[PDB]
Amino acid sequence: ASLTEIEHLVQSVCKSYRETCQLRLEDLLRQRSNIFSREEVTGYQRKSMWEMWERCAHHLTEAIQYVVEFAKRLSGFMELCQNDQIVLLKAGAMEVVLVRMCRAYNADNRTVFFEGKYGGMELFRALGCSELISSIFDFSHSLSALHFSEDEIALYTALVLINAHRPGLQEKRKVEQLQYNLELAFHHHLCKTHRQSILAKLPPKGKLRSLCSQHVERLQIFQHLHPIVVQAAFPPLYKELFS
């Protein structure tokens, strides 16, 4: 409740994000010419549905683990009760990764960083969920048009996580208070940097929810086809969040 306090929250959030961002932006940018060839692409398409699902679930889990660490270092998160921490992470971890993903997306040729190189949505054809894949690509394309700075991603992803509307919260008002302070920090930073134009261009929450629902739906379809693969070869954290 003072400029100095809000500004302190902005830097805290930005720091917490930097420490848990998984890959540095520069590293991702340096690799943009490193693109899968036609032969490697064909190689991905020839892989079994279940091998590809397993690999995607593994990489999603790695990314989620960084988001979990982000939350632990996020001012006020650990002071919430354990029930609410779990509720917020279960609902928001995937949404945060989806936002973070625009950093690894190349709008100029419509590719994303995956297993050491950049590839287009055709790389994922073996998954058998083309609607989900192109929606994530489209979502990433829309976020790329905003030209997020890292600090903006830090602040926005903090708010994606700290959402007082999540069902199952026991200390709703306490999450409301933290949410409000992070909104002030985000919006103060946007005001300071003359970037409040992006507020109206941020995707609605229903878009993020739609992507997460589709992901869960397509997992369910896949798990019905290969139940022992999920039981035997999917990461436990993934199954906990999504099964």
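A residue's number is simply how far along the shown sequence it sits, counting from 1. Each form is matched to the other, and the largest set of C-alpha atoms that superpose within 1.5 Å is called the rigid core.
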Greater root mean square CA deviation, 200-208 compared with 177-185 in 7 other deposited structures of this protein, core aligned: 200-208
Given 118-126 and 92-100, the range whose Cα B-factors average higher in the PDB entry: 118-126
Can you let me know which of the two, 189-197 or 61-69, has the higher average C-alpha B-factor in the entry? 189-197
Kindly indicate the residue among 139, 113, 156, 77 with the greatest C-alpha B-factor in the PDB record. 77
Going by the CA temperature factor in the entry, name the top one among 87, 81, 132, 162. 81
What third of the chain, by the recorded C-alpha B-factor, contains residue 183? middle
Taking the values exactly as deposited, rank residue 215 by C-alpha B-factor within its chain and report the matching third: lowest, middle or highest. middle
B-factor third for the C-alpha atom of residue 53 within its chain: lowest
What third of its chain's C-alpha B-factors does residue 17 belong to: lowest, middle or highest? middle
Taking the entry's C-alpha B-factors for this chain, is residue 232 in the lowest, middle or highest third? lowest
